[PDB]
Amino acid sequence: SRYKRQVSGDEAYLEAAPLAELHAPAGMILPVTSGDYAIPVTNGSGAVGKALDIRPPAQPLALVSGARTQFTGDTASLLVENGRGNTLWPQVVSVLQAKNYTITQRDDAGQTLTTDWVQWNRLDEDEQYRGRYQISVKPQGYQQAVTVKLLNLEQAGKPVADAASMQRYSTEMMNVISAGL
Amino acid sequence: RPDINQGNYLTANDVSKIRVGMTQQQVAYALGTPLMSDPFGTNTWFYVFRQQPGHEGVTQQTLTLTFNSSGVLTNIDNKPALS
Amino acid sequence: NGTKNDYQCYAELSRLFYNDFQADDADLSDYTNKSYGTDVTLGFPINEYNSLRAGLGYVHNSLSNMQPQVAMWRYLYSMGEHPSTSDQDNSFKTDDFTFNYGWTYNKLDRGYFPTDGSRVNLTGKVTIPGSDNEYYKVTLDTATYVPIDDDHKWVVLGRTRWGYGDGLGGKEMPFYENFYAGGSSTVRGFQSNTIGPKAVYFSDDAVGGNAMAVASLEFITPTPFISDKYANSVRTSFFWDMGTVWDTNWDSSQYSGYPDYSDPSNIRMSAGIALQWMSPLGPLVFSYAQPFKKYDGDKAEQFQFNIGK
Amino acid sequence: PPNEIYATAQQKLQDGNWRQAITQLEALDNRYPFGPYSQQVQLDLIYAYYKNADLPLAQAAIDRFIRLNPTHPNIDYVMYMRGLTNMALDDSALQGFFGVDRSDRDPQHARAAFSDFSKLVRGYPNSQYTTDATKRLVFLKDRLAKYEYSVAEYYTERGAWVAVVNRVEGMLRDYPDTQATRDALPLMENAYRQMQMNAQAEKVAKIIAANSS
Amino acid sequence: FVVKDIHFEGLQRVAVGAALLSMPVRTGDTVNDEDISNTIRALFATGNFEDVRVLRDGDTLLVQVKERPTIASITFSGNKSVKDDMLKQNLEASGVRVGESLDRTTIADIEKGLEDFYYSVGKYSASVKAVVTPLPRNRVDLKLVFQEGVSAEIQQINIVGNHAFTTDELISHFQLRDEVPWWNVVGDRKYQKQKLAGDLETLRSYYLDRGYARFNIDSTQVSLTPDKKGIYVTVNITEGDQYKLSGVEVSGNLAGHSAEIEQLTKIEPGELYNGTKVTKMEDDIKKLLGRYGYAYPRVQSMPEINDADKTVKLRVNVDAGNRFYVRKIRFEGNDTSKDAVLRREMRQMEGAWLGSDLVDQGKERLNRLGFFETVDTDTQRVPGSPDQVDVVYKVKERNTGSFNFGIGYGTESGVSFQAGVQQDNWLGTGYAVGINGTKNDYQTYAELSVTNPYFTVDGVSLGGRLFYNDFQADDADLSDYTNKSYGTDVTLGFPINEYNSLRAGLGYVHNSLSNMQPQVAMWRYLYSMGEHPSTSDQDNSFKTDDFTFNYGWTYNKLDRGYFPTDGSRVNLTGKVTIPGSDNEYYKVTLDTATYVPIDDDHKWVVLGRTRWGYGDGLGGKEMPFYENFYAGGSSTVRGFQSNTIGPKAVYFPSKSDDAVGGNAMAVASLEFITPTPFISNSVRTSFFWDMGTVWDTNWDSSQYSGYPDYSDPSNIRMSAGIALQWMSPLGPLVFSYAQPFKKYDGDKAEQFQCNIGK
Amino acid sequence: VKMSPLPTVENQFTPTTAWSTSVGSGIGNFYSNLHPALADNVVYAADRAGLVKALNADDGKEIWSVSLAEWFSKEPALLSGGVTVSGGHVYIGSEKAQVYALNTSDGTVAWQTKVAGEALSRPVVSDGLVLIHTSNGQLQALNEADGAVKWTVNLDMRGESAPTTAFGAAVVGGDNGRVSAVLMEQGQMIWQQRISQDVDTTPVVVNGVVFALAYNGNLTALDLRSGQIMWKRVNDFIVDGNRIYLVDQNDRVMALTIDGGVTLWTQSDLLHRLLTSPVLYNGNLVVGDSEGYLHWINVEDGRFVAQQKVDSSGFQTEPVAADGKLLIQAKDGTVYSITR
């Protein structure tokens, strides 16, 4: 393992000498620059070399015909054009009850529930992820929205706050239910 | 040693027909664009005519044209044959 | 479509094949074999892992540099052409029309360094009445790979190979196109063609025999101390080989006082290590070898290092 | 039955080998072109092309995805993947084993790579891939500079002095702060001195003396 | 009508949102029938639906609809003469493609459309029938049945108005046919669109170059017999008179280049108007004005016709723009060969005036190297300047370099190793390195060659080679001995012209001979210099130290480095032994390859190859035998064995048939190169006729009478046959069938060869 | 889509009359209008090579054998005009842009006039002028006597079309789906009606109406001066009273009424056999086919069929019936009389 997430090739480019710009001699102009190739520094900081994960960002998946997947923040949103909401919420419940995840709290009235830790089994990665999720059903466009929010994410004990995973494993949960439906 | 050719071609008559008070567009029109300029501070058009056929040595005329700020008043400095 | 080696000019056409054979430089006993023929062969897949092919062929073979030695003049000798004794340059030539058929099996996972799947080819050849020497041979080669770890980086693999030839109708097998053993893909301890009946002039040099059996077993291990980028171009395995080849024509003891080469009991077993590295200039093969049980008048290659082929 | 072929292809991408995953994804894309997951299948196919290193089809898939999807949140991935593909095509050669310097060879892949990385760093400043992009850009510029210096050095050994000063001026206008231009500067000085132009030579000498080395 | 709700029925692919977006009427609107009709024909105008109904439920407005069937497959059946993918390509463009839907009103139009295509390519009997198969989930598979119509012959071509040139000669110089010969079944009685324009153009050119000033085609007719079984092409032309030529005029700004223009524009008074001569003089004046920098001129040539004298004069109006200076010469393509070697081979510098032939000499020099597959020069202009141009080159690499290296070590046997490696670009640096190594058990051959074709930048090349070889004779007891030879050579070569090379160098050669059975030739060499060995007893020895000096002259002028199609090549090398040695001789040998094409495509080329070479000793010394010349085998003269031509040795007790070679060799081959219309290059098939001759110039006939007298070279060998050459990623290979029609008793013939060659 | 099998022979009257002499070397695979003509006990006939044999009406006697082919001396004239005889001249047209006028007796007098293109049309005699419709959209008019007055009308721009005459006017078809009427002195009065959306669109004028077919197959009737009263439904039709008998481009034989095109009926048992023109002969319809059979058709409703193989090549030229004889020319290049 560990290979699938890193860029191919050496990291030698990282070592490259710092661009020092030469100071002007007395009474002589240097065409400082004309063309492109100028470089803006932002200091990041993001991962560099192998450390950077290059796995394809998970996309929220809409199995149902005419279903909208939108993702923002820690929330995966699946919109589906149906009649009533109060009946789909427990279909979701049947799916998750088939998957046997642990339910810390629940609420049929608010149609929302809070799960315990969820342990994933991905081959592409070495240290498995834990997810705490709140899952809820809220109709917004007279068609309902199944929403998944990754409350707490944990990579082998240490709580993680990197961006990609938040998506990839919010979306994991999303694709789990979507598939289930 | 193959024939080395360098710079832009010049003739007596074309090098004679530039005088003080000409704009940059006419001299450029009458001699072509300068292959080398001065990128340091001033602006002077260097018209070097260097050619060196094998085992014969060099003949070179250097036409250095120094402008005003606004591309008029072409001072004409001619160094005909090198030493 | 055409390959010039130290052995052959093999021109292949798309089937017109002309093959030049010169064992004067090569490890077989000295003879020259220049051959031209054309065959056409219809293959038929059955299940996208197995196929057959029927083929009719014509083959001419000509031989003009026969070093005189018995157990090759016998092939001439049954044929009617009387042999000349102790002459340098003889010449005979015959045509063979030949039907060939085979079966192949593949289930290999990838193209280089397999870790799972199978491989077999099973191929045989019978001439048609209308040729002037009828004979029978049939052969199989088979490789298979089975991992023992969940990452497919510890994998035992074995291969065995089996060859048999015969002559029916009262006529015997041509001494050319005979099986050989000993090269660096049959038993990596010996020289190229060293397992076999010996040449016997009118010496230690392996002419070959009509039946062959071979089997290898090898344990692929991961390479411990390899660089970062190079993970899958560097294979390292350990292996013990054995193989045998023996003849069927000369099993009578009419030439007494010679090992007579009809007893495959001497098994010729040799264990050593292999390292097999795809480099950006070519493939490399490297064997440290020990003839763990060897047989008299045979040649050894303890350290073999080839770049190419 | 696309759901099962997709589950197979995702379990073989996460766990199994590359050739099988690429084959499965291409099959799924051919069978269902306008699928519900028609984006992520092309994404995974691109990833598989890049990792298996058949490069022409990787580039063709990148360009297809860009033409068809000009607006998507994860466009940084396809942009940095085209940059990776171009740089791999540039510096994928066997001279690395021998260790002979590879600045003289044709720089056209480096040009496109630089272009793509610059576009990336301009458009999307707060993405994950900025630091590696900046490092790649700096290395590529240093390369291109050394290439220019090489050509200048050749024309110095040949002798054609106008071409020399022209190439050094181009290098100083394009790559102002890099190691190759400093080194080259004495070549420009020499070229000026060789012809009888004793005004530019003194300026070049002053600039050299200003930046000691 | 108050709409409090909108409800849908029949939606499948089209989601609620798209429909709801499409409608003018909206929830909460007060609606009349007008607003419903608009809504209906609005919904219909989205391309999504087949039939639609917008009706009023109790309070709700119900939109009923059935979506168009979704294409899942497009299959093709009977389309002999059109690619499925191309046919698909047209279809996806027109509108129909997988994933989209089918307007069931347009199948007719699809059919008629494709049918229309087929009509517009000749087959008026063409019939395309679309079968539409339904599947579940409102899916559909549309199969297009294509039936080619009965072939319609192009029965005849008619030319009305001609009076001096017959019709069948113009049809023999057309491309379209009316009567194809039954013995020539290579062409068919076909009809196309661009071929008609090509025929009109070639007829106009055939009438314009014969000397006809006024000539204009009026109209062309394409008739059809009313069953789509025949096409009639009829042109109606007219011709005025046969004219003459009087004189040329020149006018314009051309910058003093007038003498050569007046010299090349001469025309004979009494010669007539020509069609291809005017455009030839115009392309010549353009190429000449381009040979000084004026790369983009403006030259137009129109004549003013005088009808009273039946003679016309023409003027050319030259307009040469200002000079063009090269600014950047970049190279694209070179992936393993460094940038320096291409700049060294470039002859057009940077920052100078553009010489359009100085830029072509560099292209020819890059082509003649042999590293590269194809080279083309393309001239590109930067738009940021009036007169400044860039020259670019596109190269495609060609790899001919092969590692075969193998070492095999034993305890109980000597170390064996096989090594073949030669390279004409090690790492693109420009060198040539080569090593060969064989040691089976008794022979041992090893040589190392490195050379550098640019040790300076002018072209002064130096290189050297080192070789050692020896073998024990006791493997085949036929005129073989114990030979031990180690030697090193250092060669320096420089060019004195842009074509001709010269090369000098020193060399140390050490030869050791032992265990040679007596035949009279080698002893004739021993009897002059050395000892008096015992006549019937073996185990004699002889060593020699040699300090050779060698000179060479080369004339290389070809187009391509490996498959040359023009020019010729001359090679002359010769070595002399300096005083301070053991034996003293001089050898002279001369290669000559001449190529001449006959056409302007450069496909059928004649190939002449000539090889001459001569040897003699100094001052009674007698030209050591082991250095002699052998002919025979492929690539020297085909249709024999290797090294079989020449004299044959005379053993002391007294005759056998081993060939030992001679002092003086003459070989010449004539080859005709023919194409091969099956391969898409690398193949080359030729017929060859070739003569070989080797003899010995010190064979006294006062001693021997029945033994064959060799010194009179009238015993010329010959051969003929077909040769096919082909290059491999292993290397250049050649195999040839040869049948020697004139041979001599003793020539060990053979009829199939295969070796490296070249 | 292919050839239809032959109707049954319920023969009520058998044709067993023929006398044949070959001419020329046939027409071959070209489409042309080479059809013999009879007047005054002499039948004249031609072939592509240029042979022109005159035969007695009874048996084929009274022969003279001219050659009209002309860097070769006797280069093949490519006769494709078809033959007309009136008042003592034979008129023939060529694809080398020549009209020949040969004297009737010996064929010695041969006077020609280069015309503007292929003269693929039947020459038409009238009023002392011979009208030629040319392949490149021209109408050219030659003198009967010497060929001096050549006035020309252009037409826009596959079918040549014969002209006809009525009370001093020429009525002419055209190659652009257009029918035009030109006054045959200089074309003074000229109108032009579009009657279309190859085919010899030759009109015949009964009761001041022009009837003309079209290559897309709508038949139109126009008033001779104006052309307003119109109904709309190789073609060659005839008039013999108040009935039209026609053969369409869909090859089905069908008779129509004279007024409006009621009373259609189909006899398509000869479908796609590539029929020639029909003729009225002895109160019955006769039609030829390409595969080499003749067919006789009754007139009441078109039911009976009398089919015989007569000539091995086939028919592609118009039969002619006058003076009690029905003469037909085959692709092989012979002649046949018929009676019944």
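Residues numbered from 1 in each chain as written, not as in the entry; some residues may be left out. Chains lettered and ligands numbered in written order. Heavy atoms only, no water. Residues with missing side-chain atoms left out of burial classes, pairs and counts.

Chain F appears in the PDB entry as Outer membrane protein assembly factor BamB from Escherichia coli. On record in UniProt, under Subcellular location, the comment for chain F is "Cell outer membrane". According to the UniProt record, the Sequence similarities comment for chain F is "Belongs to the BamB family." (UniProt positions renumbered as here; feature names shortened; annotations may be inferred.)

As recorded in the PDB entry, chain A goes by the name Outer membrane protein assembly factor BamC, listed as coming from Escherichia coli. One UniProt comment on chain A, placed under Function (unreviewed entry), says "Part of the outer membrane protein assembly complex, which is involved in assembly and insertion of beta-barrel proteins into the outer membrane."

(A) Here's a closer look at the overall build of chain A. A count of helices and strands for chain A gives three helices and eight strands. Secondary structure of chain A in N-to-C order comes out as α-β-β-α-β-β-β-β-β-β-α. Here chain A has a C-alpha radius of gyration of 23 Å; the compact-globule value for 181 residues is 16 Å, and the former is much larger. Projecting the C-alpha coordinates of chain A onto the three principal axes gives extents of approximately 80 × 40 × 25 Å. Look at the contacts in chain A between residues 6 or more apart in sequence, and 47% of them connect residues 24 or more apart. (Helix = DSSP H or I, 4+ residues; strand = E, 2+ residues; numbered from the N terminus. Rg over C-alpha atoms; globule rule 2.2 N^0.38 Å. Contact = heavy atoms within 4.5 Å.)

(B) Examining the overall build of chain F more closely. For chain F, the count of helices and strands is zero helices and 29 strands. Against the 2.2 N^0.38 benchmark of 20 Å for 340 residues, chain F shows a C-alpha radius of gyration of 20 Å, consistent with a compact globule.

(C) Spotlight on the sheet that holds strand 20 (residues 238-239) of chain F. Residue and element names in this part refer to chain F. Spatial ordering of the open sheet is given by 20-21-22, a layout of three strands whose pairing is antiparallel. Edge strands, defined here as strands with exactly one partner in the open sheet, are strand 20 and strand 22 (253-257). As paired elements, strand 20 and strand 21 (residues 243-247) share two bridges and run antiparallel to each other. Each bridged residue has a counterpart across the sheet, and for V239 the counterpart in strand 21 is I244. (Pairing = 2+ DSSP bridges.)

(D) Quick look at the interface of chain D and chain A. Each side of the interface is counted separately: chain D has 48 residues, and chain A has 47 residues. For the side of chain D that touches chain A, the secondary structure elements donating two or more residues are helix 3 (38-52), helix 5 (75-90), helix 7 (108-123), helix 8 (130-158), helix 9 (161-174), helix 10 (179-194) and helix 11 (200-210) of chain D. At eleven residues, helix 8 of chain D tops the list of elements feeding residues into the side of chain D that touches chain A. Of the residues assigned to the side of chain D that touches chain A, the class counts are 22 nonpolar, twelve polar and 14 charged. (Nonpolar A, V, L, I, M, F, W, Y, C, P; charged D, E, K, R; others polar.)

(E) Fine view of the state of the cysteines. Bridging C9 of chain C to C754 of chain E, the disulfide has an S-S length of 2.0 Å. Around the S-S axis, the bridge from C9 of chain C to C754 of chain E shows a dihedral of about -80° and counts as left-handed. With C9 of chain C in strand 2 (residues 9-11) and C754 of chain E in strand 31 (residues 752-755), this residue pair bridges two chains. (Disulfide = S-S within 2.5 Å.)

(F) Molecular detail of the arrangement of the chains. Once contacts are tallied for each of the eight pairs of chains in contact, the highest total is for chains A and D. With respect to C-alpha atoms, chain C approaches chain F no nearer than 39 Å, and the pair has no contact. Nothing in chain D touches chain F; the tightest C-alpha to C-alpha distance between them is still 38 Å.

(G) Geometry of the packing of helix 5 of chain D against helix 7 of chain D. Residue and element names in this part refer to chain D. Look at helix 5 against helix 7: their axes get within 8 Å of each other, and the N-to-C directions meet at 160°. It follows from the interaxial angle that helix 5 and helix 7 lie roughly antiparallel. Crossing handedness for the pair helix 5 and helix 7: left-handed. Two secondary-structure elements touch here, helix 5 through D76, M79, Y80, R82, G83, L84, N86, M87, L89 and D90 and helix 7 through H109, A110, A112, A113, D116, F117 and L120. (Axes fitted to C-alpha atoms, helices over the stretch in contact; angles between N-to-C directions. Parallel < 35°, antiparallel > 145°, perpendicular 65-115°, else oblique. Left-handed = near helix turned anticlockwise from the far one by under 90°.)

(H) Spotlight on the pattern of salt bridges. A salt bridge links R15 of chain C to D39 of chain C; the nearest nitrogen and oxygen atoms lie 2.7 Å apart. Of this pair, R15 of chain C sits in the loop between strand 2 and strand 3 (16-22) while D39 of chain C sits in strand 4 (residues 32-45), and the two are 24 residues apart along the sequence. Note that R193 of chain D is salt-bridged to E189 of chain D, the shortest N-O span being 2.6 Å. Of the two residues, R193 of chain D and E189 of chain D both sit in helix 10, four residues apart, roughly one turn of that helix. Among the charged side chains, a salt-bridge network with shared partners connects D90, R102 and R143 of chain D together with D335 of chain E. (Salt bridge = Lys/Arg side-chain N within 4 Å of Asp/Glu carboxyl O.)

(I) Up close: the sheet that holds strand 10 (residues 244-253) of chain E. Residue and element names in this part refer to chain E. Read from one edge of the open sheet, three strands run 10-12-11, paired in mixed fashion. The two strands at the open ends of the sheet, each matched to only one other strand, are strand 10 and strand 11 (297-306). Strand after strand, the sheet turns through a mean of 20° between neighbouring axes, direction not considered. Those strands touched by helix 8 (residues 276-290) are strand 11 and strand 12 (311-320), and its axis lies near 155° from that of strand 11.

(J) A look at unusual backbone geometry. The omega torsion across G44 of chain A and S45 of chain A is 0°, close enough to zero to call that bond cis. Secondary-structure assignment places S45 of chain A in the loop between helix 1 (12-15) and strand 1 (67-72). Not every positive phi belongs to a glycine, and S86 of chain C is a case in point at roughly 65°. Along the chain, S86 of chain C turns up in the loop between helix 1 (73-79) and strand 6 (92-106).

(K) The packing of helix 2 (residues 18-31) of chain D against helix 3 of chain D, seen in detail. Residue and element names in this part refer to chain D. It is at 9 Å that the axes of helix 2 and helix 3 come closest, and there the two elements cross at 145°. Relative to helix 3, helix 2 is oriented so that their crossing is left-handed. For the pair helix 2 and helix 3, contact is made by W18, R19, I22, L25, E26 and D29 and by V41, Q42, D44, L45, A48, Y49, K51 and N52, respectively.

(L) Quick look at the environment of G21 of chain B. Summarising the element assignment, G21 of chain B is placed in the loop between helix 1 (12-16) and helix 2 (24-31). Placed 54 residues apart in sequence, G21 of chain B and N75 of chain B show a C-alpha to C-alpha distance of 8.6 Å.

(M) Just the packing of aromatic side chains, in detail. Aromatic side chains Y9 of chain B and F49 of chain B sit 5.3 Å apart centroid to centroid with 75° between the ring planes, which places their arrangement in the edge-to-face category. Within this pair, whereas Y9 of chain B is found in the loop between strand 1 (4-7) and helix 1, its partner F49 of chain B is found in strand 2 (residues 44-52), the two being separated by 40 residues in sequence. Summarising the aromatic geometry, the rings of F99 of chain C and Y101 of chain C are spaced 5.8 Å apart at their centres and angled 40° between planes, so their arrangement reads as tilted. Taken together through their ring pairs, the aromatic side chains of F21, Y31, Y75, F92, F175 and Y176 of chain C make up a single cluster. Against the face of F239 of chain C rests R188 of chain C, its NZ or CZ located 4.4 Å from the ring centre. Positioned over the ring face of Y744 of chain E is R717 of chain E, at 5.5 Å from the centre of the ring. (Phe/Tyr/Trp six-rings, centres within 6.5 Å; stacked < 30°, edge-to-face > 60°. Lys NZ or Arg CZ within 6 Å of the ring centre and 35° of its normal.)

(N) Region of the structure containing the side chain of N178 of chain C. Mapped onto the elements of the fold, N178 of chain C is located in the loop between strand 9 (155-166) and strand 10 (181-182). In terms of polar contacts, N178 of chain C uses its side chain to reach the backbone amide nitrogen of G209 of chain C, at 2.6 Å. (Polar contact = N/O pair within 3.5 Å; in protein donor to acceptor, adjacent residues only side chain to side chain.)

(O) Examining the environment of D696 of chain E more closely. Residues and elements named next belong to chain E. Relative to the elements of secondary structure, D696 occurs in the loop between strand 28 (683-695) and strand 29 (717-727). Measuring from C-alpha to C-alpha, the distance between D696 and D709 comes to 9.4 Å, with 13 residues separating the pair along the chain. Among residues more than four places away in sequence, those in contact with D696 are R524, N663 and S711. A polar side-chain atom of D696 sits 2.8 Å from a polar atom in the side chain of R524. For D696, the side chain forms a polar contact with the main-chain nitrogen of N698, separated by 3.1 Å.

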